[PDB]
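Peer 1: Sharing an experimental structure here, sequence included.
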Amino acid sequence: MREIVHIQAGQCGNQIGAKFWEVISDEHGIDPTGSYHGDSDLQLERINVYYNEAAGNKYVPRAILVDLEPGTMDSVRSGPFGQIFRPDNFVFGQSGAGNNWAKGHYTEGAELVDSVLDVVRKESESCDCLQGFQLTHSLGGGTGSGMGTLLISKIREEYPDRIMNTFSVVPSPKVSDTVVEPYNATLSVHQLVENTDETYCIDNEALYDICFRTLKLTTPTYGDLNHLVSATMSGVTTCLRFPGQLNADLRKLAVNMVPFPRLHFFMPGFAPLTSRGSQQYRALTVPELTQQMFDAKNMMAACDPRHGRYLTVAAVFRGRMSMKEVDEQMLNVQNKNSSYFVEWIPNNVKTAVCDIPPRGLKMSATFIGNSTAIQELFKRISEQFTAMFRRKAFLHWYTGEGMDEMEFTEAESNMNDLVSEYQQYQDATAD
Amino acid sequence: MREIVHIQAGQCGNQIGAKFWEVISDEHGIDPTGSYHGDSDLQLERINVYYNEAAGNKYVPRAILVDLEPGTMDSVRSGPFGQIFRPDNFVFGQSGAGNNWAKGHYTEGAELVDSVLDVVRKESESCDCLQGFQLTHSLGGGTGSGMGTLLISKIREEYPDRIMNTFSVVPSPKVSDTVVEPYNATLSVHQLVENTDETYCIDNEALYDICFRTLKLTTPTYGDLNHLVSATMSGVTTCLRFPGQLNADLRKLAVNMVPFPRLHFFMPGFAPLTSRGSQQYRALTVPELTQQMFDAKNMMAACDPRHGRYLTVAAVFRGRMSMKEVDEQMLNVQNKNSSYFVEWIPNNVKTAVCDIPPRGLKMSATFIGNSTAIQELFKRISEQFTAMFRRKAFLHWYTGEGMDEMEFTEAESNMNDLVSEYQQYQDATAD
Amino acid sequence: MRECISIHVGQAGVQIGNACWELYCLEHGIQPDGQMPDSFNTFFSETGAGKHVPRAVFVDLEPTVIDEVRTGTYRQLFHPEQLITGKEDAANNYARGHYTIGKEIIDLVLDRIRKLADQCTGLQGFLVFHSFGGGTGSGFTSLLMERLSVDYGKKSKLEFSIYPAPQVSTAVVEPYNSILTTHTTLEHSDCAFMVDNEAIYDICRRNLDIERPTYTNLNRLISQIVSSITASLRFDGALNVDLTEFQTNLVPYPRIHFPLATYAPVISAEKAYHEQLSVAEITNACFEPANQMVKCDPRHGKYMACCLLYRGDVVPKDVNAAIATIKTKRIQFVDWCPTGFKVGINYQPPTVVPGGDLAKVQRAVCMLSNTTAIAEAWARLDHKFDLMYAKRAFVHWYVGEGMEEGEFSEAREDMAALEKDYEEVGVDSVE
Amino acid sequence: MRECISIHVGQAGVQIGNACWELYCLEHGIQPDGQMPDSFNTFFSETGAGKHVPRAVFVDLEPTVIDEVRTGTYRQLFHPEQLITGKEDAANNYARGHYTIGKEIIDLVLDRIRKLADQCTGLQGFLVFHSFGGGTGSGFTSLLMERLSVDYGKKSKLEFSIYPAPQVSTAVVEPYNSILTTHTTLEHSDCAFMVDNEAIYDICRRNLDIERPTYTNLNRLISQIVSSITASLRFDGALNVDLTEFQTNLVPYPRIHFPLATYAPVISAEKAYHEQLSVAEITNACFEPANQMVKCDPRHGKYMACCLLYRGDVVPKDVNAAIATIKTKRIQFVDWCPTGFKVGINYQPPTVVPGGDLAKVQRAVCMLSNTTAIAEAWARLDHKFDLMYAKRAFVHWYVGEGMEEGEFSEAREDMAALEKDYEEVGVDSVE
Ligand SMILES: CC[C@H](/C=C(/C)[C@@H]1C[C@@H](OC)C[C@H](O)C(C)(C)[C@@]2(O)O[C@@H](C[C@@H](OC)[C@H](O)C(=O)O1)C[C@@H](OC)[C@H]2O)CO
Ligand SMILES: CC[C@H](/C=C(/C)[C@@H]1C[C@@H](OC)C[C@H](O)C(C)(C)[C@@]2(O)O[C@@H](C[C@@H](OC)[C@H](O)C(=O)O1)C[C@@H](OC)[C@H]2O)CO
Ligand SMILES: Nc1nc2c(ncn2[C@@H]2O[C@H](COP(=O)(O)OP(=O)(O)OP(=O)(O)O)[C@@H](O)[C@H]2O)c(=O)[nH]1
Ligand SMILES: Nc1nc2c(ncn2[C@@H]2O[C@H](COP(=O)(O)OP(=O)(O)OP(=O)(O)O)[C@@H](O)[C@H]2O)c(=O)[nH]1
Ligand SMILES: Nc1nc2c(ncn2[C@@H]2O[C@H](COP(=O)(O)OP(=O)(O)O)[C@@H](O)[C@H]2O)c(=O)[nH]1
Ligand SMILES: Nc1nc2c(ncn2[C@@H]2O[C@H](COP(=O)(O)OP(=O)(O)O)[C@@H](O)[C@H]2O)c(=O)[nH]1
Ligand SMILES: [Mg+2]
Ligand SMILES: [Mg+2]
């Protein structure tokens, strides 16, 4: 079998991860004590992908939780599934870093990481075929970005041939919930780009819109938001955990989604998301699903794909459905809206099918889009970045941590070039 | 199969539609929950014409309800069949437009429509063969006319080859229930003419007369009035929903009813309308029905066909009857009263027969007349229009919405020419 | 073996077909399930299980009609692919039937036909059923014939058609569609058989002594005629007449090929008991204007050729005697003809359909008649056309479907010539 | 005895194999436990207890697929070592399949094969199943063939392959992998059989008259084809055809060896009851473009060679007659050929798999066809390649696995030549 290491970093990362593991355990019949009470042999058969059968019937999700300070991971341990985790996988310091990327990637993180990695190594040692790593982190967070970035680099150093992917939480185009976002985010990306093999962009902003609209919710609690995200994450690796018709290994996804290194940012989506108040007025067909999947309004990343083109799209389906329906339906999309796809690439769609549906959803699908419209995000960031940077805003909170100002200019350089790259391909033509 | 999209617009439109759907659901054995409890396989077999089998046994009438403000559609949702509709098909704003056509077709409607159409598109996407569109709206209404007109234009833009028909409520020759009728109505017609393929004219005034007289009613409640109208509407599409001897597709009706584009206004009728107090003194024969159908007093449009000629008449029968009876009887009408028919056209009658009677009426028929006498209506309107317009009455409530005064003069121009056209054909002769 | 392919087009064509095949089964003892609990290989093929499969193709752009068949009693008698349906009908628009809609179906139809034809050991010809005026019947058939004549230039092309009776209704745009079809029909059809619904009603009233007839028994009468013709192939007779011989014995000049038809002795059992239906009696009845299936008083013109088909208990010599008497009856014949009578005799008497309204007889006569009197009908038609065309009523419906306005002129021109042809024939050629 | 070794590579290869062996067992009465409660020694070996063990090797770097087999119904039919699995798949990367991953498995595979081959008394050849585009199928097979041809330079090397259908999806990097494989395949394979999933869907829709098909029955159709071929070895026939003879009778020029395939008569029981599937009937069906298993309208090119395999109730003379007719059908053949028909006849009629969607017939025809029309498909493929290669999309995924960039150029070059070859063949050689 192939194994995945799940690393969680930062308050956000840990909170998301907590929900993630809840979801995964649920799907495999694992209760809060780590005891197996599933119904299908499949649940157990390939459980190895995530859990390490410790002893008896106790399974221990191979996850590592990291934070610079307590009060977060603590709450995780106090929660429903706190006891499912092995204590020794909780690695944290006793200092904060109020969204101080420098601290997270230097003066504080440099100490903490000395541990962390040791645990990582141990976990990788227990694996038979290390599929890769998953990092749940939030951009802009002193830990999430600081440590996140650091760890990524350090891991590739020792596992250059493994697939690394992360589910980053990006900056919001609307109200920012931090002050020094631009800086932290930019600094992270500066290195992220040159490391992680693929990364997903999820924006709370977009998620709120979905909730208030599509889900008809009025109290979009972070727990609910995380739940939604978790669902997406689980979909991504369903192909590893369960049998299907067209299994798509994590690596495979990278191959059909990244055309050029560096250009590996994705917009995630998910269907169906019908509110309970209207579920009875649905059909739940392959067409219905694709309607949602390609609906700009269901993009979990706060960008409007309508203004860009897709370099490539992956569609992973779960449950039951015909091959005919899927393929034909996906074709129709490309044909009807050909202007939204990059002419350089014939067949801009990768599909996959697993025979195991989400609990309660006979049909479900995830959407991974590599749209050039993501450029927009980076553009926004760069603009905000230079606005602050040229005024030297708050730079003393980075300089004071031993950060060289030049690092910022380098970071910008990478960022701007990223934008340029997308812009070039955006309108580059075959002839 | 072929599918029809039912759009309802304005308070009136929605109230009528509510009754309409009640009627239709009844005929197909659909209860208020959308569950099928019919007796004949026919009821279900071709249910697709209107309902979209959502899931299980729940059918969802493919209708779209539109209004500029709540308090109307709300009451619909609070009614008997409110739950039969899919919530997502209720599109409305939060602003009124006190019979302000300009608002409905500009400053307010221009915002609302951006949504609406999206829903329309979705509904059309779910269809296999989009027969066309039906719009239930009221002339003179800020929404009904304003949005109505707008939507019609917008739809043709994307569905130029579909049949669009509406069931407009026209101005009354007697007491007007609005102040700025002439304006709103004229402005609507100005565009209506150049869009909608066929439209029906129903006048509350006439309906009241029928009720007090023929139906021997004393409390003609709008619900009852709407019921009557609904019956007519259902008759029109019975040929699509049910088998018969001479099925007449919606398109077919247009073909045999419109001799020249623009000239597509019709006077609807219905038989039998015998009051319960005297139903036992009836025969219910094909002759009886035609007596009612060609009785000027049973015209649902407030015009007196006696003063004009028929360009063409469609007669749709439901239930059981012989072909012999029908054809011969219709012939007799043309022969006996040949002066009332336009000599240009041999055989001024189109007939159709469906084998499925209305609930409780073994024999029933609808009447669609293209009479030149409709000219009268337009004449009245134009006269009233210029009376107000020349005094600049209330124009500031349109000018203030960004309406160009020239639009009124153009509207009049179209109106007057419409009248002229009818007048020409009215007395134009073969030699 | 002598084989024949029937083609049923449009509401009428199909619905008539229903009656026909119902009858065919009865006569050959074939049960609805294709079972026969030695003259079948003309209209029926044998499957692996021995099951009989009638040889016909049903085409109707209006799936409703065929659905009735698909769900009807004889749904087991058709190979699914013999029932070809469209999604939208021709709305009484020749142009739709010919140019824009039928165009997209005809390919399928012909392919199916070809495959059917390829099962034959010796195809005699085709029997096409349609109605003038029907967008499908009229329009589509035009197209069909155009292409059938290419592949099968030497096969007999017989057709039966409902000729818009002088004083009936149903559709308004009839004379347009009618002429448009005729214009092309003349160049491909070998012989058309005209039938008026109007005339039939009269017969039902006076001969059957019934009232209130529908297509459910009007068609039954028609099917008797059809049977009478094909009985020649299906049963041994004293004088069998192959389909090919109908050209020779009816047409005397290419462009003229519209025989009228009749059928004696129509009669209710009530009168049957009181009347001796002798050969002579029946023969005389066939020439009584009242009994023609076409509203055309034969006395207005002269006969060009008659063909008599006797079934059942007849005696050659008696037949001859009867005919001689007919010749004596100073009934006029053109000088171009010296004989005028070709007679077939089939031993198989007429049958009777359970629940029918026609008494069973020991002998019957079907007569086909080519007469100049029909010119009247053509004139009437042309006249109606002229009136509508002058103002260009409904023309935009055809032009909008790609029809050329000049095409109407063309058709009319040819029709004028046709009428003239009849005039010339009846000139009474003399030195 | 004539023996044959089957090899199943990758998701498709294996999953198809499942269907195949399922079928083989059925036809020979072999029960899932290898039990037979005299033509088996071709695909099956006898163990000490008499138990049957099919002769095939399953290879898939993605253990998931094989695990399904290992835990499936037929888990008792395989000698553990016949099920060879890897730890990580090729991620749609030819380079992984060929150079970096497959490299480490191939040794095992070949050894196993050798041992299997050593059980044979006379190996006819191999049947390799794979898909173009599949990293394993495409990449690994390339490697496999490269080495099989060394040890067994004189054995027949047949393969079946899924040819990335013109308008479908599944993977993005297809055309890369496809061409890369083709480039090497041409130098080792004796004859490849092209199958399109796309085409099959069409067949399911139109012939089977079904909807929503999956690989669970798409493969079943394919297995019928495979059976038809090997039936020659497995059962006595009037004209048995050894595998070797397929080279001679299909290939006329080394580099060209991509026959298309079809299979008649696909059909649902519904229609079976209404249709006589004669020899001639079926034979004709095989040449109807619609029924090809490859999206390539054969009329675009000419035929080079056809091979017909009849099963069941057929009569040599009838077969000959049918073919003669086909020759008459002015279906074009290259001047280089004067015959073009090699025919096999096997007495063993087709069978039917319980729970399948295909009606059982008394006779069937499998056709293999070498045609120049396929050049079109090759052109399409090459074109797609060019577009992606130009920008070097996804190239880094191959280069990172040790592939030489120039290697792509090389492959493309050869493909150009291949296309050219077809052009030259269809030149219509004339003095
Ligand atoms: C294909 C990828 C994709 C890009 C486009 C343009 C796609 C195309 C189609 O979906 C596949 C639209 C679709 O067919 C519909 C019309 C039914 C519909 O869904 O369109 C949207 C608006 C549309 O954007 C205008 C949407 O937001 C969107 O994203 O559309 C309103 C919605 O109200 C119910 C409904 O009317 C991005 O992932
Ligand atoms: C034919 C189309 C038609 C036009 C005419 C003129 C038609 C002709 C006939 O109906 C078909 C009249 C009819 O045969 C009657 C005499 C039995 C009768 O019904 O006539 C009306 C008055 C008449 O107008 C005078 C009516 O209103 C009307 O519309 O009549 C009183 C009524 O009291 C019971 C009764 O006496 C318009 O659709
Ligand atoms: N005798 C007879 N006449 C019929 C029947 N059905 C329709 N007609 C006549 O046929 C003519 C109308 O043509 P239809 O066949 O109904 O039209 P269609 O071919 O279906 O064409 P569209 O409906 O226009 O697509 C009228 O003259 C009708 O009276 C029938 O069952 N029997
Ligand atoms: N007909 C058919 N086609 C299949 C099946 N499975 C996969 N395919 C097709 O095969 C192609 C994909 O190759 P796969 O065989 O799935 O890939 P693989 O060989 O497992 O290689 P990797 O997964 O890349 O290691 C696509 O064109 C699929 O549509 C199957 O069971 N039947
Ligand atoms: N979706 C989501 N976002 C979160 C959550 N908790 C914090 N955030 C977001 O993460 C960012 C703040 O970073 P955080 O992880 O708390 O800081 P850190 O501990 O220094 O990494 C902000 O954009 C928050 O909106 C969560 O549970 N879910
Ligand atoms: N027949 C009928 N007419 C109505 C109904 N409700 C309103 N009306 C008429 O519609 C016109 C007023 O327009 P309304 O639809 O209420 O205004 P809107 O909401 O701005 O479109 C008047 O002529 C009313 O008599 C109804 O339920 N039935
Ligand atoms: Mg019709
Ligand atoms: Mg695989």
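Peer 2: On my side now, so go ahead. Residues are numbered from 1 along each chain as shown, chains lettered A, B, ... in the order given. Ligands and ions are numbered 1, 2, ... in the order given.
Peer 1: Report the outermost residue of chain C with respect to its centre.
Peer 2: When distances are taken from the C-alpha mean of chain C, residue C:431 lies farthest, 37.7 Å away, according to Cα atoms, centre = their mean.
Peer 1: wait, what's in contact with that residue?
Peer 2: Contact partners of residue C:431, counting by Cβ atoms under 8 Å, 6 or more residues apart in numbering or on different chains, are absent. All C-beta atoms are positioned from the backbone trio N, CA, C, and that covers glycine.
Peer 1: Just say helix, strand or coil for it.
Peer 2: At residue C:431, secondary structure determined by DSSP: H, G, I helix; E, B strand; the rest coil is coil.
Peer 1: looking at it, residue C:25 is touching residue C:32, isn't it?
Peer 2: Yes - in terms of Cβ atoms under 8 Å, residue C:25 counts as a neighbour of residue C:32; the distance is 7.2 Å.
Peer 1: what about those two, which has more around it?
Peer 2: residue C:25 (21 against 13; other Cβ atoms under 10 Å in any protein chain shown).
Peer 1: before we move on, the earlier item: show me the common contact partners of residue C:25 and residue C:32, please.
Peer 2: Listed as contacting both residue C:25 and residue C:32 by Cβ under 8 Å, 6+ apart are C:74, C:77.
Peer 1: any idea how far the residue in chain A that ligand 2 sits nearest to lies from chain C?
Peer 2: Chain A approaches ligand 2 most closely through residue A:281 (43.7 Å), counting by Cβ to the nearest ligand atom. As judged by Cβ to the nearest Cβ, to the nearest Å, residue A:281 and chain C stand 26 Å apart.
Peer 1: How many neighbouring residues does the residue in chain C positioned nearest to chain D have?
Peer 2: Closest to chain D within chain C is residue C:79: 3.7 Å, counting by Cβ to the nearest Cβ. By the criterion of other Cβ under 10 Å, residue C:79 has 21 neighbours.
Peer 1: How about it: what's its closest non-neighbour residue?
Peer 2: Beyond its immediate neighbours in the sequence, the residue positioned closest to residue C:79 (Cβ to Cβ, 6 or more residues apart in numbering or on different chains) is residue D:274, lying 3.7 Å away.
Peer 1: and that neighbour, how many residues sit next to it?
Peer 2: Number of residues near residue D:274 (other Cβ under 10 Å) recorded here: 21.
Peer 1: Contact partners for it?
Peer 2: By Cβ under 8 Å, 6+ apart, residue D:274 lies in contact with C:34, C:47, C:51, C:53, C:78, C:79, C:80.
Peer 1: show me the contacts for the residue of the stretch 101-250 of chain C found nearest ligand 6.
Peer 2: Of all residues in the stretch 101-250 of chain C, residue C:172 sits closest to ligand 6, at 30.1 Å by Cβ to the nearest ligand atom. The contact partners of residue C:172, by Cβ under 8 Å, 6+ apart, come to B:256, B:312, B:345, B:347, B:348, B:349, B:350, C:92, C:394.
Peer 1: how close does it sit to ligand 3?
Peer 2: Distance of residue C:172 to ligand 3, given as Cβ to the nearest ligand atom, to the nearest Å: 11 Å.
Peer 1: any idea which element that residue lies in?
Peer 2: Using DSSP states H and E, residue C:172 sits in no helix or strand.
Peer 1: and the residue of chain A closest to ligand 2, backbone torsions?
Peer 2: As for residue A:281, its main-chain torsions (degrees, to the nearest 10) stand at phi -110, psi 40.
Peer 1: I figured it hits residue B:86, correct?
Peer 2: Yes - if you go by Cβ under 8 Å, residue A:281 and residue B:86 touch, sitting 3.9 Å apart.
Peer 1: Between the two, which contacts overlap?
Peer 2: B:54, B:60.
Peer 1: circling back to that earlier point, now, of the contacts of residue D:274, which are buried?
Peer 2: Those of the contacts of residue D:274 that meet the buried threshold are C:34, C:47, C:51, C:53, C:78, C:79, by 16 or more other Cβ atoms under 10 Å in any protein chain shown.
Peer 1: residues near residue C:132, how many?
Peer 2: Neighbourhood size, residue C:132 [other Cβ under 10 Å]: 26.
Peer 1: quick one: it and residue C:138 touch, right?
Peer 2: Yes - the criterion here is Cβ under 8 Å, and residue C:132 meets it with residue C:138 at 5.3 Å.
Peer 1: For these two, list the residues in contact with both.
Peer 2: Each of C:177, C:178, C:181 lies in contact with both residue C:132 and residue C:138 under the rule Cβ under 8 Å, 6+ apart.
Peer 1: Now do the contacts for the closest residue to the second one other than its chain neighbours.
Peer 2: Think residue C:178. Distance criterion Cβ to Cβ, 6+ apart; nearest residue to residue C:178, sequence neighbours excluded, is residue C:132 at 4.1 Å. By Cβ under 8 Å, 6+ apart, the contact list for residue C:132 reads C:138, C:161, C:162, C:163, C:164, C:174, C:177, C:178, C:181, C:182.
Peer 1: Could you tell me the phi and psi values at the third one?
Peer 2: By that I understand residue C:162. For residue C:162, the backbone dihedrals (degrees, to the nearest 10) come out as phi -80, psi 120.
Peer 1: wait, what's in contact with it?
Peer 2: Shown in contact with residue C:162 (Cβ under 8 Å, 6+ apart): C:12, C:130, C:131, C:132, C:133, C:137, C:195, C:196, C:197.
Peer 1: which residues touch the nearest residue to it once chain neighbours are set aside?
Peer 2: Closest residue to residue C:162 apart from its sequence neighbours, by Cβ to Cβ, 6+ apart: residue C:131 at 3.9 Å. By Cβ under 8 Å, 6+ apart, the contact list for residue C:131 reads C:10, C:11, C:12, C:13, C:137, C:138, C:161, C:162.
Peer 1: hang on, the earlier thing: ok, the residue of chain C closest to chain D - contacts?
Peer 2: Residues in contact with residue C:79, defined by Cβ under 8 Å, 6+ apart, are C:53, D:271, D:274, D:275.
Peer 1: spatially speaking, which residue is in the middle of the chain?
Peer 2: With no chain named, the answer covers chain A. residue A:167 (1.8 Å).
Peer 1: Correction: the question concerned chain C.
Peer 2: Centre-nearest of chain C using Cα atoms, centre = their mean is residue C:160, 2.0 Å out.
Peer 1: any idea how far residue C:232 is from the nearest residue in space to that residue that is not next to it in sequence?
Peer 2: Distances taken as Cβ to Cβ, 6+ apart put residue C:193 closest to residue C:160, at 4.7 Å, once the chain neighbours are dropped. Distance from residue C:193 to residue C:232, counting by Cβ to Cβ, to the nearest Å: 15 Å.
Peer 1: The residue of the stretch 1-150 of chain C found nearest ligand 6 and residue B:239, how far apart?
Peer 2: In the stretch 1-150 of chain C, the residue that lies nearest ligand 6 is residue C:91 (29.9 Å; Cβ to the nearest ligand atom). Separation of residue C:91 from residue B:239 (Cβ to Cβ): 12 Å.
Peer 1: Okay, domains of chain C per the record?
Peer 2: Domain assignment for chain C by curated CATH domains gives C:1-259, C:260-373, C:374-431.
Peer 1: Quick check: which of those domains has the most neighbours on average?
Peer 2: Sort the domains of chain C by mean neighbour count, taking mean count of other Cβ atoms under 10 Å in any protein chain shown, and domain C:1-259 sits at the top with a mean of 21.
Peer 1: all strands of the chain, in order?
Peer 2: Picked chain A for this. Assigned strands in chain A, in chain order: A:3-9, A:51-55, A:58-61, A:63-67, A:90-92, A:130-138, A:163-169, A:198-202, A:244-246, A:265-271, A:310-319, A:349-354, A:363-371 (criterion: DSSP state E).
Peer 1: Sorry, I should have been clearer: chain C.
Peer 2: So, for chain C - with DSSP E - the strands run C:3-9, C:44-46, C:52-54, C:56-60, C:83-85, C:123-131, C:156-162, C:191-195, C:260-264, C:303-312, C:341-346, C:363-371.
Peer 1: so how far is stretch A:104-118 from its chain's centroid?
Peer 2: Relative to its chain's centre, stretch A:104-118 lies at 22 Å (Cα atoms, centre = their mean, to the nearest Å).
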